[PDB]
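A single chain comes next, written as structure tokens; it is the form deposited in one PDB entry.
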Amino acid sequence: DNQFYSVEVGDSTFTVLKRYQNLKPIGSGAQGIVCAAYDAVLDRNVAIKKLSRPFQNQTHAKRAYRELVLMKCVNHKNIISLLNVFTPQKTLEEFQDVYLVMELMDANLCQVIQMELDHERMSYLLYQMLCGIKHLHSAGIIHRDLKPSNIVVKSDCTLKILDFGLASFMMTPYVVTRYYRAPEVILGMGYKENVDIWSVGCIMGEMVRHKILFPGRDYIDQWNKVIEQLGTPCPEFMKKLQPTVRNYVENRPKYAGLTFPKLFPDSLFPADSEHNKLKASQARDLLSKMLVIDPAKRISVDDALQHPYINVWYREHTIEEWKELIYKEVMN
């Protein structure tokens, strides 16, 4: 009979295909609830993400459609793969939810951040993170929103990126993380490939200090935290800032730049051997190359991949038009 079935997993009904059994709520994002399950057909575990009415508004629509196409086409070892996509509805009129099925990962970088790691693993995760971004950039995609919660890993240290970044008002009660956004983004100065290097850098630092590098209630408190530790950017940086934005920045209380050995002492890095001592200086070095405010003077993805610390692994549519676009994308 019916190719599906429904079980209650929280507060939203999950109506999925017979092949997926034993649903277990593993998490929730800002666009969909996620479940772990067993796929009788493939005989393996998978993750299922439900998107409720992804055509309700431009924001959710533009994102679900964007993901539905990219996660479909673009494929890389370091970018979560799509196993299948389906909808329990039978026609465009009835069309309601879209379910994304992907390989089941073990955890978030948030959980990895809450634990000390060796240089072997930290640099490996960092290596894969750069490969993914590399593939993304080559595919003409610049994430611009990389963060610990969007990067997943497994027990064997394999890493993969979840979403594909940005391309705006919502009644959504939950705020979005802004701690890992690059100076360019925070101040809308135009950007380029290396804008994601900043995100990476904020993440590598947090894996060291085990605390969010630049926290803040808004981009105001956010910028201060950046100039407090890295120091006011060089005058040549402001000449690239709009006359209105520059004003605000230049009229801000100047600061001195705390050296990197200070921001990241040795008590955070392992040095019980000559190997870890060296790896510490190399790790701290890369940080000072990524965590640079001025893009022009910030290391690129291909250079960071050459670093000795890493190279050791070498439109405007309506809610009705959107529903249409997304539906057909579902059913090829």
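One-based numbering along the sequence shown. We call the rigid core the largest set of C-alpha positions that still match within 1.5 Å between the two forms.
This next part talks about the form deposited in another entry, which is not shown.
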Examine residue 176 after superposing the rigid core and state whether its CA is displaced by 2 Å or more between this form and the one not shown. yes
Between residue 175 and residue 221, do the C-alpha atoms lie closer or farther in the other entry than in the shown form, with a difference of 3 angstroms or more? closer
Taking the shown form as reference, the Cα pair residue 228 and residue 174 shifts by 3 Å or more in the other entry and sits closer
